[PDB]
Protein chains: 2
Amino acid sequence: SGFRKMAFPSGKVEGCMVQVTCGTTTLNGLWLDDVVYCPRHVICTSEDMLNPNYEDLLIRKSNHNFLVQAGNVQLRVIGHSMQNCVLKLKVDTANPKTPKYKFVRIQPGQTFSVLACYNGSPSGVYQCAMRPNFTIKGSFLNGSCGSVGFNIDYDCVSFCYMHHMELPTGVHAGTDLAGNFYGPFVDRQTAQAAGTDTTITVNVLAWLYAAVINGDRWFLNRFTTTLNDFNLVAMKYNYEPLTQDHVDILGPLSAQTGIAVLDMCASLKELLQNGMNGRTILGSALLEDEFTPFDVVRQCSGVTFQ
Amino acid sequence: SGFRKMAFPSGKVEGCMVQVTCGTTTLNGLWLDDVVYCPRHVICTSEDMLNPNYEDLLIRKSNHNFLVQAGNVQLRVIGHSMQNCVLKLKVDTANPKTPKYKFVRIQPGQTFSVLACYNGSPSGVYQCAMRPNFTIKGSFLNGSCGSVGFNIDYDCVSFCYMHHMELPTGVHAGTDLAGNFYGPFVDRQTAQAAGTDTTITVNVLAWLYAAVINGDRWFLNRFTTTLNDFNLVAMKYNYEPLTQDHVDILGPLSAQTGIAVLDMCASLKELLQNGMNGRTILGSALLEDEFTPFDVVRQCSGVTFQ
Ligand SMILES: *[C@H](O)[C@H](C[C@@H]1CCNC1=O)NC(=O)[C@H](CC1CC1)NC(=O)[C@@H](NC(=O)OCc1ccccc1)C(C)C
Ligand SMILES: *[C@H](O)[C@H](C[C@@H]1CCNC1=O)NC(=O)[C@H](CC1CC1)NC(=O)[C@@H](NC(=O)OCc1ccccc1)C(C)C
């Protein structure tokens, strides 16, 4: 028992991190087969930054303008190309540590692990969610761009995130591995705002089930509700709407605890309306929303990875 | 910016995890050089559990009674011995993935990453602290014993924890890698209690500095205090005493933020005495106590590992 913000083991991803340096700029790259993926703004100088044209900046570049370093080994860049906001540096050496992977694009509400890196070296790993406003609440300093987010499926690393930028509420924006930003953000040093966030309701309910599974029951209740009356409460408290597929996805947790989804909704309603009365759930005095239903089942059933 | 419970990258630890099976019992082992370290209660059967004598149980055993599996490769056990609550299984193959490592015994308040494993396969990674009562608030299921806790320091893995058991408040007890438990606990299926826990004051203060560094300032105040008057407040609220060594350890954070340690204590005072008034700090509605001062500097300065 117990419930922790648990990341995926990071070893298959650590073997893919390299350092990419162009001019006066260093960041991280992801080296899969004979391609290094990294944020295209590596080609940017500090004055290019306010409104760059990357197409013009890239055609100005030669393969030798890119220092790609895999620890204390320099990879020779033998080609390059830009796909949306990511650079793809073809190198003459395929990564012998390449795991089974794919590139996936995740949905808001979905979670992933981030392997925060600087100079191609892993600094730490932590669990994130794609917020409904397509930001993530990460921990990223200068140098961290090109660090990636990922999930694992038995042996397969699903890369879903590459870090690009920090917005002024201290939240973070990035792309999938095809270079397309999550949300309306662009890789420009121009004023941009995240927009109002909402709480991921299906994740809160999943975390309440996690709580019951670990014997934390003080919040439940006799009552039930309908999907419609619950969702009218979600409106008031800036919770995202609960769908039937959300209900359907909570079924397994519902079946293991014997608490109907709509009963858990009734408990969430009373928590929303009255607060927690100085109590905690799973060690938090806030309703936690970056655990998906799968996160809860994985952690409470001990799914492993090879 | 931002602040997350960050674990160390788990790659070098994943390369040492194996499965150990003796009789009807499977748990995890740690394979370093030609030795596999695991909980000695692997030699236990469902009736030995209650009051076991491990030195009779081990002399009963032969090398062939131990199935050590490193993925889909069985290691031959060529010798065995018991060091306190750990078995050392001598095998004929040295782990080629052995990192630079060292066995450390940590102090309460210190943090570490846990790589939770089942059947020798990693399930996830998360950050824990050694509580003042020598338990850890982990996330562990049956099968998880032998999973290890660690820190990384440049290239060197400092192993500090191996998991052994769960106590009935849902908290966990284990040993260092020399087999000595943290705390008064014994590897027997008999009634044991964790004892009253306290809050790690120095870590709360360090986390408050993390908050300031990340622009979260609402809790600060005009006031200061003395180490003695503060400690009378810590007394009431079940906070550990704050030492001058603790103040000295917080100096760098004090230096970077410009907030004297005793000024932060005055803020912590007043948070203790009034609560947070419906506000959050670094995304929590509780005062968080498993970030050490080093954790804060590492995460807020981007220290990496090779
Ligand atoms: C790459 O390592 C770095 C990561 C940042 C630095 C600190 N934490 C991070 O996550 N990324 C950048 O420096 C990017 C480069 C631009 C993406 C091309 N820039 C930023 O993250 C800046 N943010 C920014 O310009 O946001 C838009 C904005 C909003 C309001 C006012 C001005 C600009 C950072 C450095 C502020
Ligand atoms: C090893 O895989 C396993 C890990 C446990 C199982 C579930 N969560 C965990 O962390 N450890 C055990 O099964 C150990 C074996 C004994 C150490 C030899 N036993 C336990 O963890 C049990 N705990 C226990 O007996 O605590 C003492 C106690 C307290 C009160 C009443 C009776 C006993 C678990 C299974 C309850």
Side-chain angles (χ1 to χ4, degrees), chain A residues 1-15 17 71-72 113-128 136-144 152 166 169-172 214-216 275-276 278 280 283-286 295 298-306, chain B residues 1-15 17 71-72 113-128 136-144 152 166 169-172 214-216 275-276 278 280 283-286 295 298-306:
Chain A
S1 89
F3 207 74
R4 278 280 189 185
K5 269 194 179 122
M6 191 183 299
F8 292 96
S10 62
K12 295 199 172 83
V13 175
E14 303 162 43
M17 304 317 296
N72 44 6
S113 301
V114 169
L115 175 70
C117 293
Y118 302 86
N119 316 107
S121 299
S123 164
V125 60
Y126 56 86
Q127 189 59 21
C128 274
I136 73 177
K137 310 318 159 175
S139 170
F140 289 122
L141 304 170
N142 196 346
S144 70
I152 296 89
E166 183 168 300
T169 46
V171 301
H172 302 100
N214 293 119
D216 206 350
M276 278 154 75
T280 62
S284 172
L286 285 181
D295 293 349
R298 154 166 86 110
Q299 176 166 173
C300 299
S301 297
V303 187
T304 51
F305 309 101
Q306 274 183 291
Chain B
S1 88
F3 206 72
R4 279 281 189 186
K5 294 201 163 284
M6 208 169 52
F8 293 94
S10 64
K12 297 184 148 139
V13 179
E14 300 162 42
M17 297 316 289
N72 43 7
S113 302
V114 168
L115 175 68
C117 295
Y118 303 88
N119 316 108
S121 300
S123 163
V125 61
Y126 56 86
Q127 190 60 12
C128 283
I136 75 176
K137 296 294 289 173
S139 170
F140 288 121
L141 303 170
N142 192 58
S144 68
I152 311 194
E166 187 172 307
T169 47
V171 305
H172 303 99
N214 284 307
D216 218 352
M276 296 195 239
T280 60
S284 173
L286 294 200
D295 291 348
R298 154 166 86 109
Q299 179 168 176
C300 298
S301 69
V303 187
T304 44
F305 309 95
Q306 273 181 291

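Residue numbering restarts at 1 for every chain, and letters A, B, ... go by the order of the sequence lines. Below, each value reflects all heavy atoms present in this structure, side chains not excepted, and no hydrogens, waters or symmetry copies.
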Practice item. Could you tell me whether a side-chain N or O of B:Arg4 sits under 3.5 Å from a main-chain N or O of A:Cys128, the two making a donor and an acceptor? Key: no
Exercise for review: Please flag which part of B:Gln306 lies under 4.5 Å from any non-hydrogen atom of chain A: side chain, backbone, both or neither.
Suggested key: side chain
Exercise for review: Just give me the residue among A:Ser139, A:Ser121, A:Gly2 that pairs up with chain B most often, heavy atom to heavy atom, under 4.5 Å.
Suggested key: A:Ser139
Check your understanding: Heavy-atom distance under 4.5 Å between the side chains of B:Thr304 and A:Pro122, does that happen here?
Key -> no
Exercise for review: For each of B:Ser10, B:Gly15, B:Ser1, B:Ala7, tally heavy-atom pairs with chain A at distances under 4.5 Å, and name the one with the top tally.
Suggested key: B:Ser1
Check your understanding: Which one of B:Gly120, B:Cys300, B:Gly278, B:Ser113 has the most heavy-atom pairs closer than 4.5 Å to chain A?
Key -> B:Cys300
Check your understanding: Among A:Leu286, A:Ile152, A:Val114, which residue forms the greatest number of heavy-atom pairs with chain B at distances under 4.5 Å?
Key -> A:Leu286
Exercise for review: Under 4.5 Å heavy-atom distance to chain B, tell me which part of A:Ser301 shows up: side chain, backbone, both or neither.
Suggested key: backbone
Check your understanding: When heavy-atom pairs shorter than 4.5 Å are enumerated against chain B, which of A:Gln127, A:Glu166, A:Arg298 gives the highest number?
Key -> A:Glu166
Practice item. Identify which part of A:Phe305 has an atom lying under 4.5 Å from any heavy atom of chain B, answering side chain, backbone, both or neither. Key: both
Check your understanding: Side chains of B:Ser123 and A:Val303: does their closest heavy-atom pair fall under 4.5 Å?
Key -> no
**Study point:** Choice from B:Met6, B:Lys5, B:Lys12 maximising heavy atom contacts with chain A below 4.5 Å
**Key:** B:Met6
